[PDB]
J.: 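Okay, here's the structure, questions in a sec.
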Amino acid sequence: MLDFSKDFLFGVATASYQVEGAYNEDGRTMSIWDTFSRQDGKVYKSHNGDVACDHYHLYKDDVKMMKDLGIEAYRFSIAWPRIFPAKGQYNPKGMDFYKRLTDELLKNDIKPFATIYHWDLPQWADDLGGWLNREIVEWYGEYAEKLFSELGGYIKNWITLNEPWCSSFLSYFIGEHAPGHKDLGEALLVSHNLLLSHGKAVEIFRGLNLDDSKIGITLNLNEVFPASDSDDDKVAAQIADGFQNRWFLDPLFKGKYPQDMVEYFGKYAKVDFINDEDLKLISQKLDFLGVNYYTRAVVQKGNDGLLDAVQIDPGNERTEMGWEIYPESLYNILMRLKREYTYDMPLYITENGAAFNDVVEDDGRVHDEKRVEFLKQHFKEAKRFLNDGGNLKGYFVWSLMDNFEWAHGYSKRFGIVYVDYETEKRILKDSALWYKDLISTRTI
Ligand code: NA
Ligand code: NA
Ligand code: NA
Ligand code: NA
Ligand code: NA
């Protein structure tokens with residue numbers, strides 16, 4: 001009688017640096033993204049998150065907005081530089097914000113899902129080497145343990161890391177994200193130290209044995225298609241799939257990095273950080289996997305260089321990111337996990353959404369028909385996965401509100417709510433009204 005059971009979680013998602021603002025208030029010190037956004041050329045028009053959506057001050061209005069939409073769960077991240085603004089220096093004023101935020105959520109019948117690390121590493125940690133320094137495993141563990149102990153009565157659903165592919169390859173090899181290095185060997189070591197840090201938090205979590213509490217990780221996953229049936233394009237797709245997906249799925253769920261990628265990367269950089277003890281910590285059993293899904297890739301062999309597959313445009317509709325709208329890959333990825341990696345383990349879609357050219361019309365509305373249709377198509381694939389026996393427990397739309405989209409600044413709008421940054425006014429887009437109906441009727 002319901003396409004989505006009463007227990008299924010309809011959610012929305014944000015991240016601390018993208019929405020909070022108050023970047024210099026109540027003891028917060030700089031993150032690597034405060035620093036990166038002030039470096040010339042790194043972020044669109046030198047945008048930064050000084051103010052962002054001002055959610056730090058407006059959170060009660062924002063929670064009331066979610067309650068009026070019927071939101072059942074809220075995924076947010078916790079800012080390490082508010083909690084430990086200096087090495088070993090706990091900031092109770094920072095913790096107090098997340099207590100009042102999550103108290104507000106619970107009292108409005110919204111389940112909190114907390115991401116421990118969503119890219120806002122404290123500058124003091126980066127100045128000590130950051131994710132390249134294996135000591136970060138202990139700093140991150142201390143941070144995670146403090147969150148579990150102070151917030152365990154408030155939060156029962158924990159995500160260690162958001163999108164470690166971005167924190168490693170996009171931040172240290174491609175250089176689009178903070179701290180902006182361009183060195184394959186560095187990105188590979190960072191990927192390992194991120195996974196090891198995840199493992200340390202899971203070890204700490206299990207030792208605490210918090211009542212009715214669950215822990216997972218969030219991975220951005222795609223599906224890779226070869227442009228043709230040629231052997232050249234088949235190898236290109238295998239490499240692209242190993243680079244985005246298997247480099248993280250295999251150590252987490254198989255306890256081994258993908259050997260084809262170890263050998264491939266080993267032609268270009270050191271891969272000597274791999275060892276049995278570390279992979280045992282990395283692959284500890286999780287309670288759930290969070291999947292961030294946006295698009296697929298169609299790839300053709302390049303010129304035998306490092307990770308140089310040519311991106312093919314198959315001619316279909318795209319978002320303002322240039323990302324193909326291809327909802328079938330949401331189902332294909334969830335099924336792949338069910339058949340190859342996670343089996344019967346609970347899955348959540350921890351992000352899915354789209355950037356379009358949103359305008360407030362003279363009627364004061366945002367008629368984002370393309371986002372309505374985008375979300376409709378993807379929720380229909382989530383329903384199809386459920387009806388084929390998939391263990392999907394919830395779905396978080398990225399994002400609750402328009403926000404600071406990293407190197408794009410405020411120029412890309414992902415919200416189901418529009419933000420007028422001059423006034424910080426929130427305007428429900430038509431997609432928010434559609435989602436409110438989906439939650440109320442549980443029908444699609
Ligand atoms: Na911010
Ligand atoms: Na700036
Ligand atoms: Na697991
Ligand atoms: Na679970
Ligand atoms: Na499709």
Side-chain angles (χ1 to χ4, degrees), residues 14-26 28-38 43 47-59 76-82 97 118-120 159-160 178 195 198-199 202-203 205-206 214-219 222-223 225 248-255 279-290 293-296 298 314 316-318 323-333 337 340-347 352 373-374 376-382 384 391 401-406 409-410 419 421 424:
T14 66
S16 54
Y17 191 69
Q18 302 186 260
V19 301
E20 285 177 2
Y23 83 107
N24 59 356
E25 292 187 32
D26 290 329
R28 190 182 173 277
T29 56
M30 308 273 267
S31 81
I32 58 173
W33 271 96
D34 303 74
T35 302
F36 191 66
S37 61
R38 287 168 169 76
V43 176
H47 291 181
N48 62 43
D50 284 4
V51 178
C53 304
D54 198 32
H55 169 78
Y56 184 89
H57 300 114
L58 297 177
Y59 77 91
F76 61 96
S77 81
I78 297 173
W80 196 343
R82 291 193 192 286
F97 170 63
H118 201 130
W119 305 357
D120 52 338
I159 301 168
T160 52
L195 287 176
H198 161 79
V202 172
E203 190 173 76
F205 188 78
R206 298 304 186 206
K214 316 287 172 173
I215 193 157
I217 190 172
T218 281
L219 303 179
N222 73 4
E223 178 173 27
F225 294 70
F248 293 95
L249 290 166
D250 280 41
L252 287 164
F253 297 113
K254 305 296 179 183
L279 272 295
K280 180 179 191 162
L281 199 73
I282 290 169
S283 60
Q284 283 172 91
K285 185 69 46 177
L286 301 182
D287 298 312
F288 66 85
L289 174 64
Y293 170 75
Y294 291 92
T295 195
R296 69 157 174 183
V298 188
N316 299 315
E317 281 179 347
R318 301 186 292 185
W323 299 344
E324 185 179 7
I325 300 163
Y326 192 79
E328 271 196 68
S329 284
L330 191 259
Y331 176 96
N332 298 338
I333 291 162
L337 295 165
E340 297 184 4
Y341 286 101
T342 57
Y343 304 115
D344 292 323
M345 173 188 299
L347 302 178
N352 167 258
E373 289 309 297
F374 180 103
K376 184 185 313 185
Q377 300 177 288
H378 287 80
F379 271 99
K380 283 174 178 173
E381 298 293 335
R384 194 164 61 95
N391 193 11
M401 62 180 62
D402 296 335
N403 62 54
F404 176 81
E405 180 53 31
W406 304 117
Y410 299 99
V419 178
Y421 292 112
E424 293 294 1

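Note that ligands are numbered from 1 as they come in the structure, with each ligand's atoms numbered from 1 the same way. Computation of the quantities below employed the complete heavy-atom set of this structure, encompassing side-chain atoms and omitting hydrogens, waters and symmetry-equivalent molecules. Throughout, numbering of the chain's residues begins at 1 and tracks the sequence.
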J.: State the atom name: nearest N, O or S atom of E328 to the Na ion (ligand 5).
T.: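 For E328, the N/O/S atom sitting closest to the Na ion (ligand 5) is N.
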J.: Is the number of heavy atoms from other residues, nucleotides or ligands under 6.0 Å of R318 CZ greater than 12?
T.: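 At most 12 heavy atoms, drawn from other residues, nucleotides or ligands, come within 6.0 Å of this atom.
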J.: Between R28 and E20, does at least one N-O distance fall below 4.0 Å, as a salt bridge requires?
T.: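 Between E20 and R28 there is no salt bridge, as every charged N stays at least 4.0 Å from the carboxylate O atoms.
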J.: Counting the benzene-type ring for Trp, do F225 and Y326 have ring centres under 6.0 Å apart?
T.: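 Yes; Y326 has its ring centre under 6.0 Å from that of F225.
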J.: Could you tell me whether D120 and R82 make a salt bridge, using a distance below 4.0 angstrom between a side-chain N and a carboxylate O?
T.: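 A salt bridge is absent here (no side-chain N lies under 4.0 Å from a carboxylate O).
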J.: Going by atom types alone, do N48 and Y23 pair a side-chain donor with an acceptor below 3.5 Å?
T.: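 No pair is found: no donor N or O on one side chain lies under 3.5 Å from an acceptor on the other.
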J.: Around the Na ion (ligand 1), list the protein N/O/S atoms within a radius below 3.0 Å, excluding water molecules.
T.: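 Counting only protein N, O or S atoms under 3.0 Å from the Na ion (ligand 1), the list reads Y17 O, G21 N, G49 O.
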J.: Indicate whether the side chain of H57 and that of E424 have a donor and an acceptor atom separated by less than 3.5 Å.
T.: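 No, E424 and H57 have no side-chain donor paired with an acceptor closer than 3.5 Å.
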